[PDB]
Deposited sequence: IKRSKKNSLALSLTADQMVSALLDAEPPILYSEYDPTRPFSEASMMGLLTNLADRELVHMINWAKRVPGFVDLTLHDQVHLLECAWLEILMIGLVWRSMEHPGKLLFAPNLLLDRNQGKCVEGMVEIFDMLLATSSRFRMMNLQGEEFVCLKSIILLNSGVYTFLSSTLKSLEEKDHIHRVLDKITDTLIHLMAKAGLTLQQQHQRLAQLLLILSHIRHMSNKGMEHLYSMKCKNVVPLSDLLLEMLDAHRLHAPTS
């Protein structure tokens, strides 16, 4: 591989330049009002976000070296996790609310019809990210970790390759914290704190997932139908 040779500073720049954009919702003020229409906005938003994520994944160092089946597999497993950590990242500057889009800011009263429980878990996750002062450099590292780690445990030395890249992102996270001026103890503590949150992200993803193939009337895109059926069967 080649991504095993890039430095920590080069890893960050590669991830920052590969960052997907923050997308907007479907603007019409009437559709956030009810249940079906609101999930329609989120579904449409997630569908367009997936297209960016797929192409973002191709620019994630090491992901390209993976075989085609391994690439699809990792995306099939982590797609909702990556959407959620992005959502949680965007919602940091807005306590008590979830920023799905700059034109789609959700409060928990909207979540209390049709879901409230998952809403609060996302809020709490965004809350911890805020008071930890999560940096954009750290965030893009966490997203790449999710992409490579979530589906790796479902010749097979491609597993070893994935683990090698994961070790590099670990070095990168520590590199960023070291540059930020954190003491050695604070580094592995913050590292642990961030990675423990990934378990929470996985949790919220699984819970949100089983709502999605329970909601399955509220039309899902064929791409989204494909991503969910991988989690079912």
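According to the record, C-alpha coordinates are lacking for deposited residues 1-7, 122-123, 164-170, 233-235, 253-257.
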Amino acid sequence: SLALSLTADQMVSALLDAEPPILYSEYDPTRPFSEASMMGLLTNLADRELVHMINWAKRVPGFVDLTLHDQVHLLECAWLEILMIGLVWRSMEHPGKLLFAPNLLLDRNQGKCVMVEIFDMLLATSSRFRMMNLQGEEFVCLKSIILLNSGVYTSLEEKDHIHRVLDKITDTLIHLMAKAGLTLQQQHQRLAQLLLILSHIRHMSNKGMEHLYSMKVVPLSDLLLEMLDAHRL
From here on, numbers count along this sequence of modelled residues.
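What we label the rigid core is the largest C-alpha set whose atoms superpose within 1.5 Å from one form to the other.
Here the rigid core sets the fit, and in 4 other deposited structures of this protein the C-alphas of 22-30 stray farther than those of the other stretch, out of 197-205 and 22-30.
In the record comparison, residue 218 is unmodelled in at least a third of the other entries of this protein that model the residues flanking it. Compared with the other entries of this protein, residue 110 is consistently built, present in every one of those that build its neighbours rather than absent from a third. Two stretches are in play, 95-103 and 77-85, and the higher mean C-alpha B-factor belongs to 95-103.
The PDB entry reports B-factors from which the mean C-alpha value can be compared for 129-137 and 143-151; the larger average falls on 129-137. Of the candidates 172, 205, 183, 193, the one whose C-alpha carries the top B factor in the deposited record is 183. Of the candidates 44, 55, 34, 199, the one whose C-alpha carries the top B factor in the deposited record is 34. Ranked by Cα temperature factor within the chain, residue 68 sits in the highest third according to the deposited record.
Among the modelled residues of its chain, residue 179 has a C-alpha B-factor that falls in the highest third, as given in the PDB entry. For residue 90, the recorded CA temperature factor ranks within the lowest third of the chain's modelled residues.
For residue 122, the recorded CA B-factor ranks within the lowest third of the chain. Only modelled residues enter the ranking. Per-chain ranking of the deposited C-alpha B factor places residue 18 in the middle third.
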